[PDB]
>>> print(open('query.cif').read())   # mmCIF, C-alpha atoms and all ligand atoms
data_model
loop_
_atom_site.label_atom_id
_atom_site.label_comp_id
_atom_site.auth_asym_id
_atom_site.auth_seq_id
_atom_site.Cartn_x
_atom_site.Cartn_y
_atom_site.Cartn_z
CA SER A 22 0.00 0.00 0.00
CA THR A 23 1.01 3.67 -0.54
CA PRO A 24 0.68 6.69 1.83
CA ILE A 25 -2.18 8.20 -0.31
CA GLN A 26 -4.04 4.80 -0.28
CA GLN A 27 -3.66 4.58 3.53
CA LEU A 28 -4.96 8.17 3.88
CA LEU A 29 -7.95 7.60 1.57
CA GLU A 30 -8.81 4.23 3.20
CA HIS A 31 -8.86 6.08 6.60
CA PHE A 32 -11.26 8.76 5.23
CA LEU A 33 -13.46 6.10 3.55
CA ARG A 34 -13.69 3.93 6.72
CA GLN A 35 -14.82 6.95 8.78
CA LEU A 36 -17.48 7.84 6.18
CA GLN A 37 -18.75 4.23 5.86
CA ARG A 38 -19.31 4.12 9.67
CA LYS A 39 -22.03 6.77 9.06
CA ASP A 40 -23.91 4.21 6.84
CA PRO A 41 -24.52 1.08 9.06
CA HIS A 42 -27.32 -0.26 6.79
CA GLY A 43 -25.04 -0.16 3.72
CA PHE A 44 -27.38 2.04 1.61
CA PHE A 45 -24.28 3.60 -0.01
CA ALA A 46 -22.11 0.42 0.11
CA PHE A 47 -22.77 -0.69 -3.53
CA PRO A 48 -24.42 0.81 -6.70
CA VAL A 49 -28.16 1.60 -6.73
CA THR A 50 -29.83 -0.82 -9.21
CA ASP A 51 -33.07 -0.07 -11.10
CA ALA A 52 -34.62 -3.16 -9.31
CA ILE A 53 -33.89 -1.53 -5.88
CA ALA A 54 -34.93 1.98 -7.13
CA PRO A 55 -37.36 2.21 -10.10
CA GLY A 56 -36.16 4.49 -12.90
CA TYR A 57 -32.87 5.38 -11.12
CA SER A 58 -30.71 5.17 -14.30
CA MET A 59 -33.22 7.41 -16.17
CA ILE A 60 -32.41 10.24 -13.69
CA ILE A 61 -28.87 9.57 -12.38
CA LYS A 62 -26.31 9.54 -15.20
CA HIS A 63 -23.12 9.48 -13.13
CA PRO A 64 -23.65 6.91 -10.32
CA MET A 65 -21.27 6.59 -7.36
CA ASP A 66 -21.08 4.47 -4.18
CA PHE A 67 -18.55 3.59 -1.43
CA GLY A 68 -17.71 0.21 -3.04
CA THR A 69 -16.72 1.92 -6.33
CA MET A 70 -14.59 4.39 -4.33
CA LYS A 71 -12.96 1.50 -2.33
CA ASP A 72 -12.13 -0.24 -5.66
CA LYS A 73 -10.62 3.05 -6.97
CA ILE A 74 -8.39 3.34 -3.85
CA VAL A 75 -7.28 -0.36 -4.19
CA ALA A 76 -6.52 0.20 -7.93
CA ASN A 77 -4.59 3.48 -7.07
CA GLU A 78 -7.06 5.53 -9.24
CA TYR A 79 -7.05 8.64 -7.03
CA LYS A 80 -4.30 11.12 -7.76
CA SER A 81 -5.58 13.57 -5.12
CA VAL A 82 -7.86 13.95 -2.06
CA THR A 83 -9.77 16.53 -4.22
CA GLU A 84 -10.73 13.70 -6.66
CA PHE A 85 -11.82 11.45 -3.73
CA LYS A 86 -13.94 14.33 -2.28
CA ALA A 87 -15.54 14.90 -5.73
CA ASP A 88 -16.63 11.20 -5.94
CA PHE A 89 -17.98 11.36 -2.40
CA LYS A 90 -19.92 14.60 -3.15
CA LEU A 91 -21.27 13.04 -6.41
CA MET A 92 -22.59 10.03 -4.40
CA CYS A 93 -24.40 12.37 -1.94
CA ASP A 94 -25.66 14.73 -4.65
CA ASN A 95 -27.11 11.79 -6.61
CA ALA A 96 -29.09 10.65 -3.54
CA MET A 97 -30.36 14.21 -2.95
CA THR A 98 -31.34 14.55 -6.66
CA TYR A 99 -33.17 11.19 -6.94
CA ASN A 100 -34.84 11.02 -3.49
CA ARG A 101 -37.28 13.65 -2.11
CA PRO A 102 -36.16 15.67 0.99
CA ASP A 103 -38.32 13.78 3.51
CA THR A 104 -36.78 10.38 2.69
CA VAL A 105 -34.24 8.27 4.64
CA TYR A 106 -31.80 8.37 1.65
CA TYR A 107 -31.91 12.16 1.14
CA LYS A 108 -31.40 12.78 4.91
CA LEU A 109 -28.57 10.22 5.17
CA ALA A 110 -26.84 11.68 2.06
CA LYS A 111 -26.96 15.19 3.60
CA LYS A 112 -25.56 13.74 6.89
CA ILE A 113 -22.74 11.85 5.08
CA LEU A 114 -21.90 14.96 2.91
CA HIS A 115 -21.49 17.26 5.91
CA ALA A 116 -19.43 14.58 7.79
CA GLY A 117 -17.04 14.18 4.83
CA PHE A 118 -16.60 17.91 4.27
CA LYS A 119 -15.90 18.36 8.03
CA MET A 120 -13.33 15.49 8.00
CA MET A 121 -11.66 16.67 4.75
CA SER A 122 -11.94 20.45 5.31
CA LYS A 123 -9.30 22.83 3.86
CA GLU A 124 -8.23 23.48 7.51
CA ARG A 125 -7.72 19.74 8.20
CA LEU A 126 -5.92 19.15 4.85
CA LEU A 127 -3.61 22.15 5.43
CA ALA A 128 -2.71 20.77 8.93
CA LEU A 129 -1.97 17.35 7.31
CA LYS A 130 0.13 19.08 4.55
CA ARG A 131 2.12 21.01 7.20
CA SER A 132 2.75 17.73 9.14
CA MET A 133 4.32 16.21 5.97
CA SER A 134 7.23 18.72 6.37
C1 LIG B 201 -26.88 -0.68 -2.15
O1 LIG B 201 -28.03 -1.41 -1.69
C2 LIG B 201 -29.18 -0.75 -1.36
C3 LIG B 201 -29.37 0.58 -1.74
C4 LIG B 201 -30.54 1.26 -1.40
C5 LIG B 201 -30.69 2.68 -1.84
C6 LIG B 201 -29.64 3.54 -1.72
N1 LIG B 201 -29.66 4.83 -2.15
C7 LIG B 201 -28.43 5.62 -2.04
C8 LIG B 201 -30.74 5.36 -2.78
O2 LIG B 201 -30.71 6.51 -3.22
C9 LIG B 201 -31.96 4.56 -2.89
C10 LIG B 201 -33.16 5.09 -3.41
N2 LIG B 201 -34.26 4.35 -3.47
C11 LIG B 201 -34.25 3.07 -3.08
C12 LIG B 201 -33.14 2.47 -2.55
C13 LIG B 201 -31.94 3.21 -2.43
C14 LIG B 201 -31.54 0.58 -0.67
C15 LIG B 201 -31.35 -0.75 -0.29
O3 LIG B 201 -32.32 -1.46 0.38
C16 LIG B 201 -33.25 -0.77 1.22
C17 LIG B 201 -30.16 -1.41 -0.63
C18 LIG B 201 -29.99 -2.87 -0.24
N3 LIG B 201 -28.87 -3.11 0.69
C19 LIG B 201 -28.92 -2.27 1.90
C20 LIG B 201 -28.84 -4.53 1.08
#
>>> encode(input="query.cif", output="C-alpha cells", more="lines below")
Ligand SMILES: COc1cc(-c2cn(C)c(=O)c3cnccc23)cc(OC)c1CN(C)C
Amino acid sequence: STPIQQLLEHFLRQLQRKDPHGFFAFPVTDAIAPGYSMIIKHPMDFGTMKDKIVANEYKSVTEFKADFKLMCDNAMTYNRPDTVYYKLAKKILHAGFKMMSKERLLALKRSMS
C-alpha cells in the first residue's frame, strides 16, 4: 500500500461508519430503485470508491472528495427531501466535508514537512 491509499482508506472507513445499513455500500440498481438510471447519469457508491483506492485511481484527495460529493448529490437529486436516503446523504456529505476540510488538509500538509 502507498501513503495516499492509507490516507484515503482512513477517510473512507470513517465515512462508511455513518452508513450502518449499507445504503451507499454498492451501486443503486433499477430493481432496488425504479427508474434510477433514467435520472442519475453518473452513479457513485462507497464500493466503487474502495475499488478506486485499491486500484490506485485517485491522484488527489480533491478527486476522492468529488466522488464522495457526487454520491451524496445523486441521492439528494433522486430522493425527495423527507426520505431516509436524502437525509442520510446530507448527513454523510457534511461529515465528509468536516473530515476533509481545507483546515484539516492544510494541517496534514504542514505535518508532511
Ligand atoms: C446498495 O443497496 C441498497 C441501496 C438502497 C438505496 C440507496 N440509495 C443511495 C438510494 O438513493 C436509494 C433510493 N431508493 C431506493 C433504494 C436506495 C436501498 C437498499 O435497500 C433498502 C439497498 C440494499 N442493501 C442495503 C442490502
>>> atom_distance(input="query.cif", atom1="atom CA of residue 126 of chain A", atom2="atom CA of residue 97 of chain A")
26.1 Å
>>> residues_around(input="query.cif", residues="segment 65-81 of chain A", least_positions_apart="4", cutoff="7 Å", atoms="all atoms listed in the file", output="number ranges by chain")
A: 26, 29, 45-48, 85, 88, 91-92
>>> residues_near_ligand(input="query.cif", ligand="ligand LIG 201 (chain B)", cutoff="12 Å", atoms="all atoms listed in the file", output="PDB file with C-alpha atoms, in the coordinates of the input")
ATOM      1  CA  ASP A  40     -23.910   4.210   6.840  1.00  0.00           C
ATOM      2  CA  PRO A  41     -24.520   1.080   9.060  1.00  0.00           C
ATOM      3  CA  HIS A  42     -27.320  -0.260   6.790  1.00  0.00           C
ATOM      4  CA  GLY A  43     -25.040  -0.160   3.720  1.00  0.00           C
ATOM      5  CA  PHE A  44     -27.380   2.040   1.610  1.00  0.00           C
ATOM      6  CA  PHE A  45     -24.280   3.600  -0.010  1.00  0.00           C
ATOM      7  CA  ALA A  46     -22.110   0.420   0.110  1.00  0.00           C
ATOM      8  CA  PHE A  47     -22.770  -0.690  -3.530  1.00  0.00           C
ATOM      9  CA  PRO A  48     -24.420   0.810  -6.700  1.00  0.00           C
ATOM     10  CA  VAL A  49     -28.160   1.600  -6.730  1.00  0.00           C
ATOM     11  CA  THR A  50     -29.830  -0.820  -9.210  1.00  0.00           C
ATOM     12  CA  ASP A  51     -33.070  -0.070 -11.100  1.00  0.00           C
ATOM     13  CA  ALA A  52     -34.620  -3.160  -9.310  1.00  0.00           C
ATOM     14  CA  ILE A  53     -33.890  -1.530  -5.880  1.00  0.00           C
ATOM     15  CA  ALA A  54     -34.930   1.980  -7.130  1.00  0.00           C
ATOM     16  CA  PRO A  55     -37.360   2.210 -10.100  1.00  0.00           C
ATOM     17  CA  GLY A  56     -36.160   4.490 -12.900  1.00  0.00           C
ATOM     18  CA  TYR A  57     -32.870   5.380 -11.120  1.00  0.00           C
ATOM     19  CA  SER A  58     -30.710   5.170 -14.300  1.00  0.00           C
ATOM     20  CA  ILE A  60     -32.410  10.240 -13.690  1.00  0.00           C
ATOM     21  CA  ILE A  61     -28.870   9.570 -12.380  1.00  0.00           C
ATOM     22  CA  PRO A  64     -23.650   6.910 -10.320  1.00  0.00           C
ATOM     23  CA  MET A  65     -21.270   6.590  -7.360  1.00  0.00           C
ATOM     24  CA  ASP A  66     -21.080   4.470  -4.180  1.00  0.00           C
ATOM     25  CA  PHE A  67     -18.550   3.590  -1.430  1.00  0.00           C
ATOM     26  CA  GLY A  68     -17.710   0.210  -3.040  1.00  0.00           C
ATOM     27  CA  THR A  69     -16.720   1.920  -6.330  1.00  0.00           C
ATOM     28  CA  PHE A  89     -17.980  11.360  -2.400  1.00  0.00           C
ATOM     29  CA  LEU A  91     -21.270  13.040  -6.410  1.00  0.00           C
ATOM     30  CA  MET A  92     -22.590  10.030  -4.400  1.00  0.00           C
ATOM     31  CA  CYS A  93     -24.400  12.370  -1.940  1.00  0.00           C
ATOM     32  CA  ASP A  94     -25.660  14.730  -4.650  1.00  0.00           C
ATOM     33  CA  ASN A  95     -27.110  11.790  -6.610  1.00  0.00           C
ATOM     34  CA  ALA A  96     -29.090  10.650  -3.540  1.00  0.00           C
ATOM     35  CA  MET A  97     -30.360  14.210  -2.950  1.00  0.00           C
ATOM     36  CA  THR A  98     -31.340  14.550  -6.660  1.00  0.00           C
ATOM     37  CA  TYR A  99     -33.170  11.190  -6.940  1.00  0.00           C
ATOM     38  CA  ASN A 100     -34.840  11.020  -3.490  1.00  0.00           C
ATOM     39  CA  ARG A 101     -37.280  13.650  -2.110  1.00  0.00           C
ATOM     40  CA  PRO A 102     -36.160  15.670   0.990  1.00  0.00           C
ATOM     41  CA  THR A 104     -36.780  10.380   2.690  1.00  0.00           C
ATOM     42  CA  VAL A 105     -34.240   8.270   4.640  1.00  0.00           C
ATOM     43  CA  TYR A 106     -31.800   8.370   1.650  1.00  0.00           C
ATOM     44  CA  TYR A 107     -31.910  12.160   1.140  1.00  0.00           C
ATOM     45  CA  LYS A 108     -31.400  12.780   4.910  1.00  0.00           C
ATOM     46  CA  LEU A 109     -28.570  10.220   5.170  1.00  0.00           C
ATOM     47  CA  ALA A 110     -26.840  11.680   2.060  1.00  0.00           C
ATOM     48  CA  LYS A 111     -26.960  15.190   3.600  1.00  0.00           C
ATOM     49  CA  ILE A 113     -22.740  11.850   5.080  1.00  0.00           C
TER      50      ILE A 113
END
>>> atom_distance(input="query.cif", atom1="atom CA of residue 25 of chain A", atom2="atom CA of residue 114 of chain A")
21.1 Å
>>> closest_residue(input="query.cif", among="A:31, A:131, A:38, A:86", to="residue 117 of chain A", atoms="all atoms listed in the file")
A:86
>>> closest_residue(input="query.cif", among="A:127, A:116, A:133, A:59", to="residue 24 of chain A", atoms="all atoms listed in the file")
A:133
>>> build_atoms(input="query.cif", residues="segment 36-61 of chain A", atoms="N, CA, C and O atoms", output="tab-separated table (two decimals), keeping the file's coordinate frame")
chain	number	residue	atom	x	y	z
A	36	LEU	N	-16.22	7.53	6.87
A	36	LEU	CA	-17.48	7.84	6.18
A	36	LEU	C	-18.43	6.65	6.17
A	36	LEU	O	-19.62	6.83	6.40
A	37	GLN	N	-17.92	5.44	5.91
A	37	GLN	CA	-18.75	4.23	5.86
A	37	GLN	C	-19.39	3.89	7.21
A	37	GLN	O	-20.46	3.26	7.24
A	38	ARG	N	-18.77	4.34	8.33
A	38	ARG	CA	-19.31	4.12	9.67
A	38	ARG	C	-20.65	4.85	9.81
A	38	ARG	O	-21.53	4.40	10.56
A	39	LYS	N	-20.82	5.96	9.07
A	39	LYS	CA	-22.03	6.77	9.06
A	39	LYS	C	-23.19	6.09	8.30
A	39	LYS	O	-24.31	6.59	8.33
A	40	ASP	N	-22.91	4.96	7.62
A	40	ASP	CA	-23.91	4.21	6.84
A	40	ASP	C	-23.99	2.74	7.33
A	40	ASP	O	-23.62	1.83	6.59
A	41	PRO	N	-24.48	2.48	8.57
A	41	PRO	CA	-24.52	1.08	9.06
A	41	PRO	C	-25.38	0.10	8.26
A	41	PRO	O	-25.07	-1.09	8.26
A	42	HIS	N	-26.43	0.59	7.58
A	42	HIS	CA	-27.32	-0.26	6.79
A	42	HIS	C	-26.80	-0.56	5.38
A	42	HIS	O	-27.43	-1.33	4.64
A	43	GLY	N	-25.67	0.04	5.01
A	43	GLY	CA	-25.04	-0.16	3.72
A	43	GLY	C	-25.82	0.37	2.53
A	43	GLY	O	-25.72	-0.18	1.43
A	44	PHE	N	-26.60	1.46	2.72
A	44	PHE	CA	-27.38	2.04	1.61
A	44	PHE	C	-26.48	2.63	0.54
A	44	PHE	O	-26.89	2.73	-0.61
A	45	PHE	N	-25.24	3.01	0.91
A	45	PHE	CA	-24.28	3.60	-0.01
A	45	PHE	C	-23.10	2.65	-0.26
A	45	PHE	O	-22.11	3.05	-0.89
A	46	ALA	N	-23.20	1.40	0.23
A	46	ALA	CA	-22.11	0.42	0.11
A	46	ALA	C	-21.82	-0.05	-1.31
A	46	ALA	O	-20.66	-0.30	-1.64
A	47	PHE	N	-22.87	-0.20	-2.15
A	47	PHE	CA	-22.77	-0.69	-3.53
A	47	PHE	C	-23.69	0.11	-4.47
A	47	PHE	O	-24.51	0.87	-3.95
A	48	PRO	N	-23.56	0.00	-5.82
A	48	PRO	CA	-24.42	0.81	-6.70
A	48	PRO	C	-25.92	0.61	-6.52
A	48	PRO	O	-26.37	-0.50	-6.21
A	49	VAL	N	-26.70	1.68	-6.77
A	49	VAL	CA	-28.16	1.60	-6.73
A	49	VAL	C	-28.62	0.98	-8.06
A	49	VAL	O	-28.36	1.54	-9.13
A	50	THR	N	-29.30	-0.17	-8.00
A	50	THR	CA	-29.83	-0.82	-9.21
A	50	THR	C	-31.24	-0.32	-9.48
A	50	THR	O	-31.93	0.13	-8.56
A	51	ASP	N	-31.71	-0.45	-10.73
A	51	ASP	CA	-33.07	-0.07	-11.10
A	51	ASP	C	-34.13	-0.97	-10.42
A	51	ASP	O	-35.25	-0.50	-10.21
A	52	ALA	N	-33.75	-2.21	-10.03
A	52	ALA	CA	-34.62	-3.16	-9.31
A	52	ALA	C	-34.88	-2.63	-7.89
A	52	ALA	O	-36.03	-2.63	-7.44
A	53	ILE	N	-33.83	-2.11	-7.22
A	53	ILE	CA	-33.89	-1.53	-5.88
A	53	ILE	C	-34.58	-0.15	-5.93
A	53	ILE	O	-35.34	0.19	-5.01
A	54	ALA	N	-34.35	0.63	-7.00
A	54	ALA	CA	-34.93	1.98	-7.13
A	54	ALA	C	-35.47	2.26	-8.54
A	54	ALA	O	-34.73	2.69	-9.43
A	55	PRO	N	-36.78	2.00	-8.76
A	55	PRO	CA	-37.36	2.21	-10.10
A	55	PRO	C	-37.00	3.51	-10.79
A	55	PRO	O	-37.06	4.59	-10.18
A	56	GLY	N	-36.55	3.38	-12.03
A	56	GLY	CA	-36.16	4.49	-12.90
A	56	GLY	C	-34.94	5.28	-12.47
A	56	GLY	O	-34.79	6.43	-12.88
A	57	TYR	N	-34.06	4.68	-11.63
A	57	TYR	CA	-32.87	5.38	-11.12
A	57	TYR	C	-31.95	5.83	-12.26
A	57	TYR	O	-31.59	7.01	-12.31
A	58	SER	N	-31.61	4.91	-13.18
A	58	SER	CA	-30.71	5.17	-14.30
A	58	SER	C	-31.24	6.23	-15.28
A	58	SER	O	-30.46	6.86	-15.98
A	59	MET	N	-32.57	6.42	-15.31
A	59	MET	CA	-33.22	7.41	-16.17
A	59	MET	C	-32.86	8.82	-15.67
A	59	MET	O	-32.81	9.75	-16.48
A	60	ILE	N	-32.67	8.96	-14.35
A	60	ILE	CA	-32.41	10.24	-13.69
A	60	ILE	C	-30.94	10.46	-13.38
A	60	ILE	O	-30.43	11.57	-13.59
A	61	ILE	N	-30.27	9.45	-12.81
A	61	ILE	CA	-28.87	9.57	-12.38
A	61	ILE	C	-27.94	9.01	-13.43
A	61	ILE	O	-27.90	7.79	-13.65
